[PDB]
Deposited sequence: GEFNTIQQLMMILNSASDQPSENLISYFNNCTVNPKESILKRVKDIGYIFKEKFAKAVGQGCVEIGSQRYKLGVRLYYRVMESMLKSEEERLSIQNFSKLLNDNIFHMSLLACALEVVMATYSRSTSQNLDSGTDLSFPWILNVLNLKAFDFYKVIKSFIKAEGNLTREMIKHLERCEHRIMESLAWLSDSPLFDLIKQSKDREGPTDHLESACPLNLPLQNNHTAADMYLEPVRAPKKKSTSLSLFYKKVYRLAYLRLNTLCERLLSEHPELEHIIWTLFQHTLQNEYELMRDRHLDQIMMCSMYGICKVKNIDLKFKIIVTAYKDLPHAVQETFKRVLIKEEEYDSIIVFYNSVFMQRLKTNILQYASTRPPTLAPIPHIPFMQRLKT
């Protein structure tokens, strides 16, 4: 509630300290920024009314959004003025996806407080989840007044992007995989190259999530062969790096769960999917759809026991059976 007061008493235009940054740029960004907020005003209010009906509020959410947007931009530019060359500084301040993502993230903060759920704001602004993802941590860090509940919200957004939304079709994540540290660093990367800080950072975090989640399920279910934890992870991680195509329009936890059943299967352990899914409903955000509605092929859906048999084994029979021979694949690092 303390940030909400700073916003309502604040202005709808950029600060004087903020505009100086705009003037220190080689290409003054101010008119393209301002036009961008105005141009976005229309589409926001439109789609906002297309869901909440006939109110005036759409206009009000957005103007608080804009108020946060400029506040944070100014906070963020304060660190980046020492970090970035003059030409990088200006490139940032004229970069459209940077602004789309900063504003989209301000707006999600207002929306969520006054609760149209995430990922609503991405569909409204036609912003890819993987581009939006890049702004979240730097946004949090630059707005010291976010409440706990709000921080937790942006992180649930971030985790859902890592777990699902970044892996949708047409997402730039797959483009970047084919080829192979602040938000400004990631937005300044050219679309055409070198190694991508965006991709490496994303995977680094995905692994920590996946392993953390996988770890939770293993301490509950797999203690009579506790060695299995590290084994399952090696398959899980090997699959995320080199068989990444299976995450297309899928969920990290679907891949997680198959790696569990497969590894205990090939070590001749009898422990069915039934115990896995029931125990998984107990994860902090688990929805049973994660395993009741799983995609197989060509837009046809079935339960997870079907995905494991028809899609997962097709690809990994070579890989999984490796784990039972006399020279099994070497163990993957546990993410820090």
{"query": "Missing segments of the deposited chain sequence, listed N- to C-terminal", "finding": "1-6, 62-63, 124-135, 201-223, 237-238, 382-390"}
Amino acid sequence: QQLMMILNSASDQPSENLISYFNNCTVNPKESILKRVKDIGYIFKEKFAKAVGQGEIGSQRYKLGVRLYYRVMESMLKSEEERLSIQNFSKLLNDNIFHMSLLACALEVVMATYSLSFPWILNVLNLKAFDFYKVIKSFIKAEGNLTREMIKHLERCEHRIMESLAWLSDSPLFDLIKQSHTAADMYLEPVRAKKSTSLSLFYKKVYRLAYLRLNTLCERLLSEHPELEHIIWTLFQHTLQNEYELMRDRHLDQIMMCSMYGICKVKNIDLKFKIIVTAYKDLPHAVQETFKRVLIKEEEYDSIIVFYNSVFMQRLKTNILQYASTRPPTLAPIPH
From here on, numbers count along this sequence of modelled residues.
{"property": "Residue stretch of maximal mean CA temperature factor, 40-48 vs 300-308", "result": "300-308"}
{"property": "Per the entry, higher mean C-alpha B factor between 217-225 and 141-149", "result": "217-225"}
{"property": "Candidate residues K128, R192, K265, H230, the one whose C-alpha B factor the record puts highest", "result": "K265"}
{"property": "Within-chain third of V27 by Cα B-factor, per the entry", "result": "middle"}
{"property": "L107 by Cα B-factor - lowest, middle or highest third of the modelled chain", "result": "lowest"}
{"property": "Among modelled residues of the same chain, the CA temperature factor third for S75", "result": "lowest"}
{"property": "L34, C-alpha B-factor rank within chain (lowest, middle or highest third)", "result": "middle"}
{"property": "Ranked C-alpha temperature factor of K178 among modelled chain residues, by third", "result": "highest"}
